[PDB]
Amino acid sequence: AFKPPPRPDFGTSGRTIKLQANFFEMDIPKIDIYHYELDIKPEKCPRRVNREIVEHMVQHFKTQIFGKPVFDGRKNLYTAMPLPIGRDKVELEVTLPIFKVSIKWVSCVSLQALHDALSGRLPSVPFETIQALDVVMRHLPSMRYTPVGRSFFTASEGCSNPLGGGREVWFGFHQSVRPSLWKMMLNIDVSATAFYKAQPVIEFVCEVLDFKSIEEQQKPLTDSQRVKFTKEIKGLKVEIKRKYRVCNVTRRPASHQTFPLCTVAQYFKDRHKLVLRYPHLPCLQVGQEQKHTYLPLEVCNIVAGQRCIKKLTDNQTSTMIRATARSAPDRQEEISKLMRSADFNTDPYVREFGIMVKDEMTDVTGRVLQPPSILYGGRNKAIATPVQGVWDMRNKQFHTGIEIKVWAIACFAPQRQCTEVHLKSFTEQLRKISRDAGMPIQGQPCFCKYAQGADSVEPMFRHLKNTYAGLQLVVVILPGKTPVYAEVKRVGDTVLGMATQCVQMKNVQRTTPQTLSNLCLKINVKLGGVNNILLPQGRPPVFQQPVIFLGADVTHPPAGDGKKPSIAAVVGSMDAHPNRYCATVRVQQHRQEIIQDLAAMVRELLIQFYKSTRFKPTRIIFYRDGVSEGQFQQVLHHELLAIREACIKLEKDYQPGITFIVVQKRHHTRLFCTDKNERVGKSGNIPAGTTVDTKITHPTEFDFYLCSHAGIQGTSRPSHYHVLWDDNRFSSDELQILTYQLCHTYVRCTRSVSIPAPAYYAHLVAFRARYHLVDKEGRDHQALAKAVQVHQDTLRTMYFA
C-alpha cells in the first residue's frame, strides 16, 4: 500500500512527433557536498531577513570560516567543500542594519548517489539530494528577485504594465529541479502576476479614488472615499530606512488627528521641521493596532515587491489577460529567450557547486495516439471520427435519446426583454435541433410563466411537481448573473429532486444551431439518455471483464479564505460503455487534500454500479485529480486503503484489482512542436493525442504526459498521469490508450477534453456543491453536509452536467 510500481514498458502506439520541452539538461559533478544546520535567534524573522543575516554572517566571518555557501532561508546551509567544523557547533554573533547564529554539521550529500538513482543502479531517488540542488539553484534569485512559490518575479526593465488601482503586472519565471530518465533537468516556464507599484502613497490614493491629480480636492475625503482607500491600503507595507505595515487609516485629517506624547501635522512641524502639503488628508496607522503610530500620506511610499493577493477587478483582469496572452510559439520563444539571458552558469553559487545548465530546450519524441471512433444511434447508427480532437453531431442521433413528453418553462427574465415571441421562437428552434438529435420534444410545454425573484422559485417548482404527472424537465430562463440560479439548483437538486436546465436570456433571444445542439447534449444526459459510446470493438481489453471507472477531486476555497470547507467529489461509471456516471460529494476540513470519507463514497458507488449493471467490478480504475508530488504518499496511503476498505466491508474476499492514477493539469511542463508544419491552428499547439513517456518522465516509475485536447488559444497544458498503484499490471500502451479514449466520453461536448471524463465530472460535482453552499459557508459540519446532500430522486442522476 506504498511503493509505486515500476514502469512496465514503454508505449509503442501512434505515429512519432518531434517535440521540445521546457526542461533544460543539467550536468552535476560526482562529489559530496556538506550539509549544516543553522539556528538564528530570534527565529521569528521572515525568510528573506534570515537570508540577509546569513549573507552578512558569511562576509563578516570570511577569515577562519567560509574564506560560497548556499542557504534555504531557514535552517539548511550547504557548501561545496567542508568547513573548519567537525560536528562541533559554532556560536556566531552577527550584526546588521543583533542576532546569534548557531551552526551544526549534519551530513554529507553525495551527488554520486544521485547519478546512480538516475540510472537503474539505485531503487529510488534520494529526496535530500534533490533538495540540496534546489537550494543551490534558488540561492541567488531568492535575494535578487521576489520569490512567489517556486517562481521569481521582478519589475521588467524598460516597460510598465499598469493595471490601475496602484497595481501593475510583474513578469517572472518558475524554476524547479527534476530527475528524469535522461539527466537532472531544470524546468523553467515564464509567468506574470500582479504587484503593487512602488509609488508615493499620495499617488496610490489618486489611482484608487480615480483622481487625475491630488488637489481635486483640498477638502477631506468623504467617508465613502475614505473607506474605499482604507480597504485598499490596509495590510500593505509602506516606507518612510523604515518599513511598516498599515493597520488602519485615521478618520480625522493630519491637521486634526491627535496622539499623546498633539496633532500629527504639528508633531511633524516641530520635530521634523516638515510643513505638510495636504493637511486635510488622513494619516496611515502603522505597526501595532493598539498603539498610536500615525504617518501622514505625504511621507510614505508603498514598498517595492509586494504581490497583490486580493482579487483583480474585471477591468484589471482584462488588462492582465491582454498583457500576458501568448501563442505556443510565442511562449516557446519567451522561455528560450529567458534562458539565454538568465545565464545560470555564471551564477557564482551554481558555479561554486560545479553545475552546468544547457541553454537549449530538451528534444523529446512524442507519439500521437489514434482517437477512438464514436458510435451514435437512431436508425443510421452513425460513426463519428475525431479529427484534431473535434467532431460534431450533424446528421447523427443519440445512442439512446430521451423522448420528452412533459416539460415546462419558467422565465425569470423580464417580459419586456424576453418576450413571448422570443420564448416561442426559442422553443421552435430547440425542438427542431432536438428532433435532429434523436431527442424529440413532442409538443409545447405544459406550463410557461414569467416569475421574478428568488422567492418565487420554490413555490413555482412545488406547484409544477404537484400538478404535472410525468414532468421530465423545467427549462429556466435567466436574465444574466443572478442569485436565482443558485436558488433553482438548491430547490431542483436538493429540496425537490427535479431536472432543471438553465439558459441565459441572450441565448433565447438569439439562437444558433451550435448552442442549441450543445444544450441538447446536456438535456439528454440529465434525463437519463446516452449521447454516444466508444466504438465497442475499438476499446482496450480491460473492458472484457466488469470494470468501474472512478474520478475524484477536492476543490479548496479561494486565496485568503480562512473558514470555508474543502469539497471532495467522487464519481463512478455505471455502465460498460462507459458513459453514464453517478456522483458522491462531501464537505471536509478546510484545505485538506486527502478525501476523508472516501471509503463510504466508494461503497455507495459500488452498490449503484451493481444495481445498474448486475456485475461486481473485477477492476477499479481510480483517476485522482490534482495531487502534487509532495503529497503522493500521504494521499495514496489513506485513499488506497479506503478503496480496499469499501470492498472488504461489502463482501468476502471481494478484492478487485485497483489502479490508482494521479492526474495533474496544473504543473509547469510545456511541450512544443519542433517542426513548424506540425503546429495546429492559430495557437500553434501540439495535436490532440500527443503522448510523452520518455526522456523527461520519471527515472523508475510509471508516468506519462498526454495532451488529449485540441489547443484553441495560448499554450496547451499537457495533462500528466502518474500511476501510484497498479494491481492490474497495465502495459503503457493499454493505459495510455484507455486514458485517451476516456477523454472522448465527456457528454457536454463533441470534443476530446483535457482530462478523462470521470475526473472532469468530479470537478463539476464539486463546483455544484460550492453553488449549493453560497453564503452558507460538529453542528457546523452537519449544517454544511446537509446543504450539499442531493434529493433521493437526484442521487442516481447526472444532475451536475
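For the two forms, the rigid core is made up of the largest set of C-alpha atoms that agree within 1.5 Å on superposition. Start at 1 with the first residue shown and count on from there.
Following superposition on the rigid core, is the mean squared CA displacement, expressed as RMS, greater for 56-64 or for 751-759 in 6 other deposited structures of this protein?
Farther on average in 6 other deposited structures of this protein: 56-64.
Core-aligned, RMS over all structures and residues: is 172-180 or 186-194 the stretch with the greater C-alpha displacement in 6 other deposited structures of this protein?
Clearly, after the core fit, the stretch farther away in 6 other deposited structures of this protein is 186-194.
Other compared entries: residue 793 unbuilt in at least a third?
No, residue 793 has coordinates in all the other entries compared.
Tell me whether residue 777 turns out to be unmodelled in at least a third of the other entries of this protein, restricted to those that model residues on both sides.
Yes; at least one third of the other entries leave residue 777 out.
Looking at the deposited sequence, how many residues between residue 261 and residue 262 were given no coordinates in the entry: none, 1 to 3, 4 to 9, or 10 or more?
Missing residues, residue 261 to residue 262: 4 to 9.
Going by the PDB record, how many residues of the deposited sequence fall between residue 240 and residue 241 without any coordinates: none, 1 to 3, 4 to 9, or 10 or more?
Gap between residue 240 and residue 241: 4 to 9 residues without coordinates.
When the Cα temperature factors in the entry are averaged, is it 102-110 or 309-317 that ends up higher?
Higher of the two, by average CA B-factor, is 102-110.
Compare the mean C-alpha B-factor of 696-704 with that of 536-544 as given in the PDB entry, and name the stretch with the higher value.
For C-alpha atoms only, the mean B-factor is higher in 536-544.
Which of these has the highest Cα B-factor in the record: 382, 236, 208, 502?
Comparing C-alpha B-factors across 382, 236, 208, 502, the maximum falls on 208.
Can you pull the Cα B-factors for 277, 649, 139, 490 from the entry and say which is highest?
Largest recorded C-alpha B-factor: 277.
Select lowest, middle or highest to describe the third in which the CA B-factor of residue 39 falls within its chain in this entry.
Highest third, going by the recorded CA B-factors of the chain.
Going by the entry, which third of its chain does the Cα temperature factor of residue 95 land in?
For residue 95, the deposited C-alpha B-factor lands in the highest third.
Can you work out whether the C-alpha temperature factor of residue 639 puts it in the lowest, middle or highest third of the chain?
Its C-alpha B-factor belongs to the lowest third of this chain's values.
Consider only the C-alpha atoms of the modelled residues in this chain, order them by B-factor as the entry records it, and name the third containing residue 458: lowest, middle or highest.
Ranked within chain, residue 458 CA B lands in the lowest tercile.
By the recorded C-alpha temperature factor, relative to the other modelled residues in its chain, which third is residue 770 in?
For residue 770, the deposited C-alpha B-factor lands in the lowest third.
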